[PDB]
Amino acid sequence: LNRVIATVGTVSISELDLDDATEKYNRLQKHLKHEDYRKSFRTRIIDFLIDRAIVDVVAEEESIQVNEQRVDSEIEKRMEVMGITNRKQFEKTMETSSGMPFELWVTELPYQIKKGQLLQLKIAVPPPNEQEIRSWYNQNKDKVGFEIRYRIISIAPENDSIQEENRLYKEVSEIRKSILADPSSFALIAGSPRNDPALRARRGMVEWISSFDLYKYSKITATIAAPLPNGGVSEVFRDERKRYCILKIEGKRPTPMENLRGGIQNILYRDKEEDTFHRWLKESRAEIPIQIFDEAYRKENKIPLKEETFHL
């Protein structure tokens, strides 16, 4: 009862092949940003399988072979980018992002490899142009973000004592009262010996940075800076290095394109491949011989029969 649903080129899609795929397609339905939900699950899955068949078929013709060894090679080439060293930790990393068991996720790699190699060979994805970059910037200002310029005072405690904590809390709180009283002071006190040696030189000032890049250096400092307006003095807080701090936003500006250039290019190019390739599959379905045998699909997707005499 494992009947043939369809044939895509040399590939044959069995009713079994469908049932096997039934799990993967469901966990992939989240990532598959094209399928028209008006169509039945039965249609959508067959359609899924046909697209996979096309890739397999075309890769054969172009001598793109993906063997057991090449799969392992790719996993390790993916680690040698992500940073990851243990094979066991990578298995969990992927299960998070996919929401799929590793033994199932690994069966995507052939498709992914073949797809990447086909795009490298057949398909054309022209790098995005300056007018396209500027238009993304100009029409995605919410997604650009903001850059900040601020001044910080960071005083470390000598001893691990609670008494020292109470002193420094009061010390820094006094500096804060003084700063609101006379803002001009902040510059002087930042150059003053109480502040960290690194900040004394650069007048306590931190030049143009994203709250995100800052969040990388210090999650605390950023979460504290992010909500404050221009000239906002932060409340007295502690560093991730247990230092007693105070910061003041000296400037805010929308992050200049120049910095986000690469990032915008990457967004644009990936959306270019994801469409060029989606069209190429549509296009390929017209070139590669496909035959549907399954009556359900035939009926639903409006496929004619020869000499199906018109009613008149």
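So that there is no doubt, residue numbering starts at 1 and follows the sequence shown.
The stretch 92-100 shows the higher mean C-alpha B-factor when 172-180 is compared against 92-100 in the entry. Remark: stretch with higher mean C-alpha B factor among 208-216 and 194-202 is 194-202.
The PDB entry gives the largest Cα B-factor of the residues 133, 187, 118, 152 to 187. Which of 125, 113, 148, 222 has the largest Cα B-factor in the deposited entry comes down to 125. Ranked within its chain, residue 142 lands in the lowest third, by CA B factor from the PDB record. When all modelled residues of the chain are sorted by CA temperature factor, residue 32 is found within the highest third.
Split the chain's modelled residues into thirds by C-alpha temperature factor. Residue 258 is in the middle one. Annotation for residue 229: CA B-factor lies in the lowest third of the chain's modelled residues. In this PDB entry, the Cα temperature factor of residue 68 sits in the top third of its chain's modelled residues, the highest group.
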